[PDB]
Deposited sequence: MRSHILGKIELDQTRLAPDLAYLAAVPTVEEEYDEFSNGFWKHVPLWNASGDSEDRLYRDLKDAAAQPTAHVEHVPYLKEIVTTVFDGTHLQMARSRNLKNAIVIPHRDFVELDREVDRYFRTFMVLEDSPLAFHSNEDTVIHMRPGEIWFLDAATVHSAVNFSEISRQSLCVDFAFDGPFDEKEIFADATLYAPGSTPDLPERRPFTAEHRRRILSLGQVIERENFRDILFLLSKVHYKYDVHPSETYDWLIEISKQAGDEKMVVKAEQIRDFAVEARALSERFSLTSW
C-alpha cells in the first residue's frame, strides 16, 4: 500500500452543510459503473461552481499550493462499488478527503483496507490495485484534489503551510477476517448460478469480498474466471479474462467490449 495519510483538518460542519447541500443538487451528467456516483468539477486546469461552495473554496485555497495543482472535484458514492483496479503500470499526486462521516464507505489499495475519516487528507496511489465502496446510502461527499510534479517533490508542498502536513496520523484500517480455502470453495459455487444476464452482478459482488476478508482485491478476477469456467460458458471465460487484463494489468479494452452484449 503506497497510499497513506498526509495530515488532517478540523472541518466546520456548520460552514460545510450548505456547500454540501449545493454539491448534491447541481445537475451534472455521467461500463463497470453501478450504484450512485456523482462528481462536481470545481477546478479544471475554477468553475461557476466554486463561488457557490465558499467553505470548500477556502479549504483548497488555503490548505494547498498551486505550484503543481492539477484539478479539483467533489466525488460522492452511494450503494456503489468501483471494481478493483489499477490505472497503469509505469509520478502524479492524487489526494482525497472525505467530508462526511459515512460508516460503511471504504477504500482499498493493494493489500489493505482503509476507512477515511473526515478532514483527513489521503494520498491515493493509482499505480497499484485500488477500489472504493459504499455499502450504504449514507452520503459520502468527498474532495479529490489532484497534483502534479515533473521534478520529484518533497510531497510537503502539497500543503501551503507545513503545519498541516503530518503523515504519522494513525489511519482507521479495519481488521479483516481470515480468507480461507473453505470460503474460496463457497465463492466458486457461484459457477452454478451465473448466467449472462447476471454476470455483471457477480463481478460486483465478488468485488466486495476483500473489504471484509483479508485477501488481495485482484483475486476477484481469478474467482470470476474460474466461476466462468465452471459454468462452461466460453463467452464468459473470455469476458472474464478481458476484465482481469483491464483491471489488474491496465490493458485497455476494445470499444466493442460490453458487459451486456454477448
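Where does the model have holes with respect to the deposited sequence?
-> Missing CA coords at 31 to 34, 50 to 67, 113 to 118.
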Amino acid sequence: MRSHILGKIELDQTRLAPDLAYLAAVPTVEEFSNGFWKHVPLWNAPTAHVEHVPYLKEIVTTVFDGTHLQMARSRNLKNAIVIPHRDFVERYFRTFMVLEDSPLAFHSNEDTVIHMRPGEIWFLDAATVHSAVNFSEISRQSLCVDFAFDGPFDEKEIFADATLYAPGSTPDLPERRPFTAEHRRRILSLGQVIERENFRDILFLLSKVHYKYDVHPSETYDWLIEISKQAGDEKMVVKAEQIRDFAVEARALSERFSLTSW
From here on, numbers count along this sequence of modelled residues.
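Could you check which stretch, 152 to 160 or 69 to 77, carries the larger mean CA temperature factor in the entry?
-> Taking the mean C-alpha B-factor of 152 to 160 and of 69 to 77, the larger value falls to 152 to 160.
Stretch with the greater mean C-alpha B-factor as recorded in the entry, comparing 111 to 119 against 130 to 138 | Going by the record's values, the stretch with the higher mean is 111 to 119.
Out of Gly232, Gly35, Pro46, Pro217, which shows the largest CA B-factor listed in the entry?
-> Spelled out: the listed residue with the top C-alpha B-factor is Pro46.
Looking at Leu173, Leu99, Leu104, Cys144, which has the biggest Cα B factor in the entry?
-> Answer, based on the entry's C-alpha B-factors: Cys144.
Check where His183 lands among this chain's C-alpha B-factors and tell me if it's the lowest, middle or highest third.
-> Answer is lowest: the recorded C-alpha B-factor places it there.
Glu10 - Cα temperature factor, lowest/middle/highest third of chain = Top third by C-alpha B-factor.
Place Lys57 in the lowest, middle or highest third of its chain's C-alpha B-factors, as listed in the PDB entry.
-> Answer is highest: the recorded C-alpha B-factor places it there.
State the tercile, meaning the lowest, middle or highest third, of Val40 with respect to the CA B-factors recorded for its chain.
-> According to the entry, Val40 has a C-alpha B-factor in the chain's middle third.
Would the CA B-factor of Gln192 place it in the lowest, middle or highest third of its chain?
-> It falls in the bottom third of the chain.
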